[PDB]
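A.B. asks: Sequence first, structure after; it's an experimental one.
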Amino acid sequence: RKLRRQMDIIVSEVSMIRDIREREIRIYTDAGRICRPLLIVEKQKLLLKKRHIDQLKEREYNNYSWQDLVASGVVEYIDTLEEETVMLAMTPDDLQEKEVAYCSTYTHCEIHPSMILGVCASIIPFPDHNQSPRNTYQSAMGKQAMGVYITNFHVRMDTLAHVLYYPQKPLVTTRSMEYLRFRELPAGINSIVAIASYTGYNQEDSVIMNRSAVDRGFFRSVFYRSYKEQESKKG
Amino acid sequence: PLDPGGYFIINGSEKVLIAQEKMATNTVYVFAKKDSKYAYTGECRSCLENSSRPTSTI
Amino acid sequence: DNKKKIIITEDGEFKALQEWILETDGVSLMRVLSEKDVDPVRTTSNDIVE
Amino acid sequence: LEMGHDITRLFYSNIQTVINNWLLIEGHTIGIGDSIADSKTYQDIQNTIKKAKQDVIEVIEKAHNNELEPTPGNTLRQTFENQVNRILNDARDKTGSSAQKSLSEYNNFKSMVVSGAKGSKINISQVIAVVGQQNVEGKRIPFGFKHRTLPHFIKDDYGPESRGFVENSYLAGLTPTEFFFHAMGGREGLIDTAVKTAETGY
Amino acid sequence: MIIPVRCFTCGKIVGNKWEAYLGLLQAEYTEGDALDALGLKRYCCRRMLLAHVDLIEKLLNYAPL
Amino acid sequence: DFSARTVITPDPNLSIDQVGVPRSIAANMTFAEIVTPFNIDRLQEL
Amino acid sequence: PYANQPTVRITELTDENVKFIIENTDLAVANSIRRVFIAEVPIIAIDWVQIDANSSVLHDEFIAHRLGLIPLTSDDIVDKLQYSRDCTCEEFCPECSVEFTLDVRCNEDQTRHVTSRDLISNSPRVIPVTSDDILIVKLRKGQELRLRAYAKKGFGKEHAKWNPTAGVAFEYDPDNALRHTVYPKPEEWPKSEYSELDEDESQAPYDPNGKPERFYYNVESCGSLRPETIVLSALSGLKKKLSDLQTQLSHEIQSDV
Amino acid sequence: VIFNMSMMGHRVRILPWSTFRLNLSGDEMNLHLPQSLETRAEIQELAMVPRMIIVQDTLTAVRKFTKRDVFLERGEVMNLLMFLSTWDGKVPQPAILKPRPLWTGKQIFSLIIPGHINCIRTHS
Amino acid sequence: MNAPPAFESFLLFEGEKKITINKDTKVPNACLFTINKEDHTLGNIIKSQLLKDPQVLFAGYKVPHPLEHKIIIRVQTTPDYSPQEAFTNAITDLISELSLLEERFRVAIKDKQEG
Amino acid sequence: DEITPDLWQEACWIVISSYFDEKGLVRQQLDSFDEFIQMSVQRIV
Amino acid sequence: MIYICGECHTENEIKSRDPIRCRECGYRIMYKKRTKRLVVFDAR
Amino acid sequence: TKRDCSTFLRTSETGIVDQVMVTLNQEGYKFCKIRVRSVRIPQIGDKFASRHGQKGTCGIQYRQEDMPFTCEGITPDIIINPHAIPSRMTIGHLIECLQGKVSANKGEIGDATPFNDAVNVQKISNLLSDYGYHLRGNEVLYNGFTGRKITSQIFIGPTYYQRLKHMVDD
Amino acid sequence: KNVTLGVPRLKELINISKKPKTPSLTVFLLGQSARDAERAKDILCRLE
Amino acid sequence: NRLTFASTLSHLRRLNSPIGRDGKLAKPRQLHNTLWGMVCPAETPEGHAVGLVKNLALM
Ligand SMILES: [Zn+2]
Ligand SMILES: [Zn+2]
Ligand SMILES: [Zn+2]
């Protein structure tokens, strides 16, 4: 474990699994192993100190990056097999102290539980407040949403490309949204939505819009279809 | 600049290699199947490093 | 009520008495029916093939 | 039956047209205020949840010390799963029933269920009182890892949170452990729904 | 791509306010304080400025024909 | 005469039996009708 | 068997908006007048756009459309001008339209954005409101945007750009005297500015007999038509439409007889 | 026209916009037109929607509409009765004549009920 | 393509009568005014005024369909009175009603401007 | 010293920011191809 | 017709059945400047 | 004699060609690409979907006058059916509306962390009440057609929405 | 007792398949033993 | 999928369940506990191929 934290001949990518009940120690170095970073906890105390965060806060122009954290041994990587015999803590508040000690030996602590979400699920506020099928449904809808896919759309030629007139970053945004860069390139426009049954023109699957708003560019978007053809001397 | 890349352009079409999950190699697994003539299965597919020969399972 | 036996009372009003029922896995209606202290009328299985 | 089909259609059209015009005067809406219940009911819901959680621990303790006696028609492991399920199931119904009484006449949630048009009393229960147990394949969350549902929970843990019992309503917000357990339960429904349509259509 | 001319809800002009909005942000003013200076009392118009993205900046990086 | 498929939207004003159709779709669709003296002029103008 | 006298008073008058209270008026008349401001009021806005050269990053359709949303200071010119349909023209004329032009070219390394000030109009009075400034597009070095545009009178219902009202705050019975709206918990709801009530009183007592009166109006203008003149045109515009109905109505009675 | 083996016939009404309009009481559909007069007559006689047989947006309002609390003023009653196709043309007498007229929701709905049908039901 | 022209809401169709008066045989002294190319802005203007008239027994308006852009007004009066007179007389009151409002507004607008 | 709970919310997101800045969102795609084109291709030959 | 090189952005006249290449660059992708027939745009 | 084999527009949509590209393919033969640009205006047939829940088609479009305006004169851009919220929608829509109203009013982008204890429904409600708004976000909406106040107080908020590729015009 | 219902049973009813999933059988007792609990145990044993 | 930037990111991190005997015997569609922090649980295409196609977790 010390060698893994010190970036010695054993690389942090390598994972060691200790099957205590079977007296088996398994070390895997082959590719294809899915793993995620986890804060290391020693004697019910995080190895990540204030100084580490202070350097990270000035991560730019200081020659400091994420790789340094693994070098110092504060954070390592745990795979599925090693996660089998590795204890986790949701947040430091859970492990710092409790009236009744649920577990007095914490080995690793999750940086933040929200990272379990994917690219499409991460953009959903309050997914816990949301039903599971709805979160799954959004994942499909989010991909089908039209918006600025990239910046160099004019130069390229695509068979299908929908670009929104006014792709506006949302009023309610998740912290993980920054890493996805969805803020820079959003795929929707906010709307002052009043939930009411007006004139009975909206059923469970329906909605009523504002004609004046659309005339001002409420949801208008462009459509691009590329036609290709070549004159070849086949015969 | 914001485009992360990570795909192949073939004949002008951008293609992404979808990861295909496969059973781990050089690992011993014991499974119980009620349809087989035998009670237990000692399945263990063994292969060398990256790949010197086609995977062999016993 | 459906499982419980319904027998016409002396007064006339319908009454459903409490009778023990033994729901058993598998189909052995041919042999189960031909058993002592087993109702040959109301004993029915859920397997149409049997 | 009394008049026929042609007259009945006009009955449908008149109801839809007249009510729609009146709806512009009365109006139907929905908001956070409907989900926000009085503090009195929140304490009762938490108290019932707390009582259920303590009762589950007591049942677990009885099985831990071998005090629990299995029913003649079931085994110890299955009997324990049955007793714990009823305690959690009863709490959801009891807390959910109190939520239904909590809603006032002006409340929009009550109006929908009272008329029976859309939604159900269970939906309000999951929004206000408690989501409830997230059963997978007809049982609680299985031990995907070695005797533990998730790495955070201790080994061989049969508690409410560990086995997927969701004690937090949608409005309050689910814990990180509960969110994954909720996803597992929802995933089963989607898979069943996907195959249900294919089989039923056949 | 670019800030809309006017609010889609009511119709108040918001494009001209974008230039002043950015200038106020670099002037140590708070995100909400700048909106008040521009005169956006309604929350519909404040939406058009508080959470707007100016994509044309990155498009202008590419050279033209 | 199968028509082009299009999305469905509600319309409380229309009767349940009635159905709304756009001009473009109805233009493509045709209905053969036998002309009669009582409606000879109607077909003549159309 | 006749109408009442709509007494009206003004609370505060400013460039952006004007606040006035109308008393002794029916609810239908007050509510109808509110929507008369949005739709019936005619203003001059760019409708016809033609581009001679467009090298900007934005597309031809987007740039041409954006001009329409820009309001024009048509205070009295709109009244004298006439719709293209009723004019004797097949092509736009000064009497049934106005000329607009925008010829700009960016050659400096620094980014240059063309705004409404560069939008030249033949009519000196018919000019953009800002003429900070309504920016149209941002132009890169070597990018030019030369185009010609025209503006014509149009109803607000025809298009949103022809709507001079930047949000109309129409209120009546702020204290809820007639219980037209019932609050489950009136205490929580905040007090409206126009309401005259004490802190400890949630709402005024219900009167068995009463009608909506003392309508509060706050017409906010986008700068095209002054908020003190929109009301004058709206009231005249609403009634002139009403009279037109009577003229056609008389013909129908003449046919029946 | 006929569309979705049991199919329900419909009477086509031309509308300006593109999307189809259906008085449900979403998914794409294709409507089929019977060319022959014989089948057209048959379809309108047995395959029509009335012979085949409410939205959730109306049932919820119906419960509120019939509540005893609901009282309708003369002005409000006029609008509701205008949309009533099966109206005899005579305004029903108000339930509360004084101090001011006030029609109850049931009184307006009474005219909605066609003919004379008697039934007893219970609220949820 | 299928989008209707924006001006059809108020523009009068060629060869189409703006106003059509149709008598109703269901109840005596009843008429229907099927106005075309108008919206609720005009329907509520006359309905409220008609109610104010004591000689009006039943007055109201409705729109068969918003896209149709035509409004239907039904007016019933006493045998001595006529629905046609009610519609004509009500309009005159509105013109007088708005004239006082327009005139009074011009009186008060200058008062605020000067102080 | 130590990260106080009142500051952990901001601190936890800072380390995540560094992880994406260095690794990125497609690091798994690029890394495997880099290994394939650097060693696996040589190994096959 | 007159085309534009995608690298130097300079006018280069290319005739029918002629190789597509920029004299100043050799770049093999060419664009079309614009059409002299203007269209009508309506702000809607 | 030659036979025409040109390529026409795939659909009947009206569009303006954006740019034209002429190249040589790998085989060396002349090869060209052209991008046809068309503008689609949202209409009654377009399908709009919120960030969560089922997509909803635009049942009808209403002018600003016909839309239900509030006391301050804010006609909602979009009106959704309340009957969706119970089952095929989530309370997050109401919470997001409440957060959006506070975010816009206070001029600060709200935090959408799934498991952040700092953000709560009660906390958001308290913040909204400081800006002269109902703590639950409900507002009195005046019906556009008839000016009388609606008996029920509508819940209105700036909810994020996205336009789905599914469009009637296509 | 777990009795398969819904689509799985509906398929098996139309699908005459000889071997269903949970082909349960309901046994009804008669006489004095039908009321007593202990007297019904011997029948349970002799059937199981 | 270049319709949206988020879709492009999801496609690159997309995962596929095993096919053949391995996938057939197991239940790839069902959500397992091991996905916590490794594969997004909510994200999955809707239809018959529900749960077979997934997306890699952010971290
Ligand atoms: Zn606004
Ligand atoms: Zn002219
Ligand atoms: Zn060149």
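C.D. replies: Nice, thanks for sending it over. Numbering: from 1, shown residues only, chains lettered A, B, ... in the order given. Ligands and ions are numbered 1, 2, ... in the order given.
A.B. asks: count of neighbours near the closest residue to residue D:96 other than its chain neighbours?
C.D. replies: Sequence neighbours aside, residue D:125 is the residue nearest to residue D:96 in space, at 2.9 Å (criterion: C-beta to C-beta, 6 or more residues apart in numbering or on different chains). Heads up, the C-betas are built off the backbone N, CA and C, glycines and all. Number of residues near residue D:125 (other C-beta atoms under 10 Å in any protein chain shown) recorded here: 23.
A.B. asks: tally of neighbours for residue D:137?
C.D. replies: 11.
A.B. asks: Now it: closest residue in space, sequence neighbours ignored.
C.D. replies: The shortest distance from residue D:137 to any non-neighbouring residue, by C-beta to C-beta, 6+ apart, is to residue D:188 (6.6 Å).
A.B. asks: That neighbour in helix, strand or coil?
C.D. replies: helix (DSSP: H, G, I helix; E, B strand; the rest coil).
A.B. asks: Now do the contacts for it.
C.D. replies: The contact partners of residue D:188, by C-beta atoms under 8 Å, 6 or more residues apart in numbering or on different chains, come to D:136, D:137, N:30, N:31.
A.B. asks: Could you identify the most distant pair in these?
C.D. replies: Using C-beta to C-beta, the pair of the contacts of residue D:188 lying farthest apart is D:137 and N:31, separated by 11.2 Å.
A.B. asks: ok, now which ones touch residue 2?
C.D. replies: Let's take chain A. Applying C-beta under 8 Å, 6+ apart to residue A:2 gives the contacts A:8, A:73.
A.B. asks: oops, chain K please
C.D. replies: By C-beta under 8 Å, 6+ apart, the neighbours of residue K:2 are K:11, K:12, K:13, K:14, K:32, K:33.
A.B. asks: One more pass at 6 Å, please.
C.D. replies: Contacts for residue K:2 (C-beta atoms under 6 Å, 6 or more residues apart in numbering or on different chains) come out as K:11, K:13.
A.B. asks: And for whichever residue of chain F sits closest to chain G, nearest residue in space, chain neighbours not counted?
C.D. replies: Nearest to chain G in chain F, going by C-beta to the nearest C-beta, is residue F:13, at a distance of 19.9 Å. Excluding its sequence neighbours, the residue lying closest to residue F:13 (C-beta to C-beta, 6+ apart) is residue I:65, at 4.7 Å.
A.B. asks: Quick check: the residue nearest the centre of chain N vs residue C:21, distance?
C.D. replies: The residue lying closest to the centre of chain N (C-alpha atoms, centre = their mean) is residue N:54, at 0.9 Å. In this view, residue N:54 and residue C:21 are 47 Å apart by C-beta to C-beta, to the nearest Å.
A.B. asks: The nearest residue to residue G:160 once chain neighbours are set aside - how many residues pack around it?
C.D. replies: Leaving aside its chain neighbours, residue G:160 sits nearest to residue A:215 (3.5 Å; criterion: C-beta to C-beta, 6+ apart). Neighbour count for residue A:215, taken as other C-beta under 10 Å: 27.
A.B. asks: longest helix in chain I, by residue count?
C.D. replies: In chain I, with assignment by DSSP state H, the single longest helix is helix I:83-114.
A.B. asks: List the buried residues of that helix.
C.D. replies: I:83-84, I:86-87, I:89-91, I:93-94, I:97-98, I:100-102, I:104-105, I:109, I:112 (16 or more other C-beta atoms under 10 Å in any protein chain shown).
A.B. asks: still on that earlier bit, would you mind listing the residues in contact with the residue nearest to the centre of chain N?
C.D. replies: Shown in contact with residue N:54 (C-beta under 6 Å, 6+ apart): N:15, N:39, N:44.
A.B. asks: tell me the contacts of the closest residue to chain J within chain N?
C.D. replies: Nearest residue of chain N to chain J (C-beta to the nearest C-beta) works out as residue N:12 at 5.3 Å. Residue N:12 sits next to B:6, B:16, J:26, J:29 when contact means C-beta under 6 Å, 6+ apart.
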